[PDB]
2 protein chains.
Amino acid sequence: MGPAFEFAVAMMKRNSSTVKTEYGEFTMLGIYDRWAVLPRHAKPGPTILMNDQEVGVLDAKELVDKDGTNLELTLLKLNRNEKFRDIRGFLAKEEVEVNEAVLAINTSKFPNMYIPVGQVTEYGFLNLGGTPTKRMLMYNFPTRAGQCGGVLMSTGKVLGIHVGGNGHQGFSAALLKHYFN
Amino acid sequence: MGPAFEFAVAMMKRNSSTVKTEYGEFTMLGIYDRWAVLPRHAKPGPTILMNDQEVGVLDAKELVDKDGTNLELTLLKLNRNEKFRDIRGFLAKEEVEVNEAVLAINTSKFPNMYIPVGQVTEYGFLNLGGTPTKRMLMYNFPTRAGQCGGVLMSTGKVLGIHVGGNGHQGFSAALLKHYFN
Ligand SMILES: *[C@@H](CC(=O)OCC)[C@H](C[C@H]1CCNC1=O)NC(=O)OC(C)(C)C
Ligand SMILES: *[C@@H](CC(=O)OCC)[C@H](C[C@H]1CCNC1=O)NC(=O)OC(C)(C)C
């Protein structure tokens with residue numbers, strides 16, 4: 001997992017930030033340009049705090065599969081001038097599976113923390129607190145609140161954004177290339 | 001840091017447990033035999049919870065330097081029959097310094113989480129919340145409550161037990177070979 005931790009730390013350091021909305025505090029991954037992603041339930045309003053600074057949200061796309069099913073991700077274009085390193089070549093065309101994965105969190109509650117969640121298996125369909133959601137990854141880990149938005153990774157790969165959990169299972173929304181231009 | 005994460009995960013998995021006292025919930029490192037260590041302020045009573053199970057505390061040694069100065073560590077002999085893998089060869093004779101270190105936490109609040117704290121420099125003397133304490137290591141990291149007992153590590157080395165913090169600095173009590181037989 002060392003290589004995965006090493007890739008995780010460098011990714012987080014480069015593309016991640018702590019975001020506060022009216023719905024809580026989240027890890028946020030900058031993707032390319034001024035587009036970043038949050039778990040849908042961050043329900044970002046018209047303005048956000050990004051590393052303690054009021055940032056304007058130009059546009060917000062709450063993603064759904066072609067059948068309308070919830071995928072649980074919001075894309076936000078950010079009213080700022082600095083551009084996010086482009087990490088789209090780190091995102092796959094389809095649900096990545098893996099045996100050693102790392103979940104990276106970066107808030108006031110979990111500042112730069114990393115969790116070896118181990119095995120990540122495409123889970124696909126899940127009733128995400130009453131909401132049928134697709135394209136889920138699952139790992140066995142006693143996840144906790146405060147962790148949403150967490151970035152799921154292995155060496156070389158950004159698998160997904162952490163969205164859900166119960167007890168000893170967490171779930172990430174798979175972060176796929178085509179959601180981005 | 002990968003090698004350090006890898007050593008950290010394996011150490012934690014082998015020698016660590018979550019401990020509850022009347023003073024809170026702590027990470028605990030089993031050293032050899034049935035002796036483990038906690039930060040002093042865990043002030044363990046006559047019985048402890050160890051991974052949710054009532055365990056009897058045979059003996060408790062709150063360590064001090066020869067001049068009585070606080071070192072901030074309690075050693076506890078545990079009323080159980082299973083023996084802790086002996087990790088004393090992982091503990092140094094003196095305050096280890098390093099450039100890439102990892103702090104491993106393992107409670108209900110931070111279950112199996114790892115933090116790359118980076119540079120660890122012998123700090124020695126610190127006024128640890130009104131208590132002059134010696135043999136401290138320091139790292140720059142925005143540490144948070146719930147983290148005490150955390151195990152501080154690099155590849156091949158167990159440096160210390162996390163005891164203190166303010167804002168962007170945490171402090172570990174150096175975990176030295178001779179505290180143990
Ligand atoms: C992640 C959201 C969160 O952590 O709140 C602020 C960052 C929640 C899932 C955690 C609960 C148990 N395991 C977890 O990782 N999800 C959440 O609060 O919302 C729904 C949509 C109900 C999952
Ligand atoms: C560590 C103890 C703790 O986390 O409580 C339950 C596990 C506290 C130090 C944290 C505060 C800011 N940074 C930290 O890591 N220390 C503590 O509570 O006690 C004294 C002795 C005052 C440090």
Side-chain angles (χ1 to χ4, degrees), chain A residues 18-28 38-44 62 70-74 103 105-111 115 117 126-133 136 138-150 152 161-173, chain B residues 18-28 38-44 62 70-74 103 105-111 115 117 126-133 136 138-150 152 161-173:
Chain A
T18 304
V19 162
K20 208 167 148 261
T21 59
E22 308 93 354
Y23 283 76
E25 185 185 49
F26 293 94
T27 305
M28 191 186 69
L38 282 164
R40 193 185 39 75
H41 57 89
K43 339 255 195 335
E62 330 182 68
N70 170 54
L71 290 165
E72 183 75 58
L73 300 164
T74 305
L103 183 77
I105 297 131
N106 173 30
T107 67
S108 303
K109 177 159 220 280
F110 314 93
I115 298 173
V117 310
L126 166 89
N127 194 305
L128 217 183
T131 329
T133 84
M136 294 283 105
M138 200 233 50
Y139 20 94
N140 301 288
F141 190 90
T143 36
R144 262 74 144 153
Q147 296 166 339
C148 279
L152 186 72
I161 294 311
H162 176 80
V163 297
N166 55 60
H168 344 204
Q169 266 175 354
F171 294 62
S172 283
Chain B
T18 304
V19 162
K20 208 167 148 261
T21 59
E22 308 93 354
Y23 283 76
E25 185 185 49
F26 293 94
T27 305
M28 191 186 69
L38 282 164
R40 193 185 39 75
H41 57 89
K43 339 255 195 335
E62 330 182 68
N70 170 54
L71 290 165
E72 183 75 58
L73 300 164
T74 305
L103 183 77
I105 297 131
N106 173 30
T107 67
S108 303
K109 177 159 220 280
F110 314 93
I115 298 173
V117 310
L126 166 89
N127 194 305
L128 217 183
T131 329
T133 84
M136 294 283 105
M138 200 233 50
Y139 20 94
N140 301 288
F141 190 90
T143 36
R144 262 74 144 153
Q147 296 166 339
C148 279
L152 186 72
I161 294 311
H162 176 80
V163 297
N166 55 60
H168 344 204
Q169 266 175 354
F171 294 62
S172 283

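Sequence lines set the chain letters: A, B, ... in the order given, protein chains first and strands last, and positions in each chain run from 1. Both ligands and their constituent atoms are indexed starting at 1 by order of listing. Heavy-atom basis, side chains included; hydrogens, waters and symmetry copies ignored.
- Side chains of B:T107 and B:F26 form no contact here, defined as non-hydrogen atoms less than 4.5 Å apart.
- Not a single heavy atom of B:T27 sits closer than 4.0 Å to an atom of ligand 2.
- Ligand 1 has a nitrogen or oxygen under 3.5 angstrom from a nitrogen or oxygen of A:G146.
- Ligand 2 is never approached by B:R40 to a heavy-atom distance shorter than 4.0 Å.
- Side-chain contact between A:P44 and A:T21 is present, with at least one heavy-atom pair separated by less than 4.5 Å.
- When each atom of ligand 2 is checked for a heavy atom of B:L128 under 4.0 Å away, the hits are 21 (C), 23 (C).
- Residue B:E72 holds its CD atom at 8.0 Å from SG of B:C148, rounded to the nearest 0.5 Å.
- A donor-acceptor pair under 3.5 Å is absent between the side-chain atoms of A:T131 and the main chain of A:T133, judged by distance alone.
- For atom 15 (O) of ligand 2, a protein heavy-atom neighbour is present inside the 4.0 Å cut-off.
- Within the structure, ligand 1 has A:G165 among the residues with a heavy atom less than 4.0 angstrom away.
- Scanning all heavy atoms of the two residues, the minimum distance from B:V163 to B:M136 falls at CG2-SD, 3.8 Å.
- Less than 4.0 angstrom separates some heavy atom of B:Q147 from each of these atoms of ligand 2: 4 (O).
- The shortest N/O to N/O separation between A:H162 and ligand 1 falls below 3.5 Å.
- Distances from atom 5 (O) of ligand 1 to the protein include at least one heavy-atom value under 4.0 Å.
- In this structure, the side chains of B:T27 and B:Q147 stay at 4.5 Å or more apart for every pair of heavy atoms.
- For B:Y139 and B:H162, the side-chain atoms include at least one donor-acceptor pair closer than 3.5 Å.
- Within a 4.0 Å radius of atom 22 (C) of ligand 2, the protein contributes no heavy atom.
- Within the 4.0 Å heavy-atom shell around ligand 2 one does not find B:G129.
- In this structure, atom 17 (C) of ligand 1 lies nearest to the protein heavy atom A:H41 CE1, 4.2 Å.
- Side-chain atoms of B:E25 and B:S108 include a donor-acceptor pair closer than 3.5 Å.
- Residue contact annotation: B:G170 has no non-hydrogen atom under 4.0 Å from ligand 2.
- Every atom of ligand 2 is numbered from 1 in the order shown, and the set under 4.0 Å from a heavy atom of B:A145 is 4 (O).
- Atom NZ of B:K43 sits about 10.5 Å away from atom CD of B:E22, to the nearest 0.5 Å.
- In this structure, CG on A:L38 lies 9.5 Å from CG on A:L73, to the nearest 0.5 angstrom.
- Only the side chain of A:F26 comes within 4.0 Å of ligand 1, counting heavy atoms alone; its backbone N, CA, C and O stay farther away.
- The shortest contact between atom 1 (C) of ligand 1 and any protein heavy atom is with A:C148 SG, 1.8 Å.
- Atoms CZ and CD1, from A:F110 and A:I115 in turn, are 7.5 Å apart once rounded to the nearest 0.5 Å.
- What sits closest to atom 7 (C) of ligand 2 on the protein, heavy atoms only, is B:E25 O, 3.2 Å.
- Counting heavy atoms from C-beta outward, B:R144 and A:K109 have side chains that stay 4.5 Å or more apart.
- Here A:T131 has no heavy atoms under 4.0 Å from ligand 1, in either its backbone or its side chain.
- With a 4.0 Å heavy-atom cut-off, ligand 2 is reached by the backbone of B:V163 but not by any atom from C-beta on.
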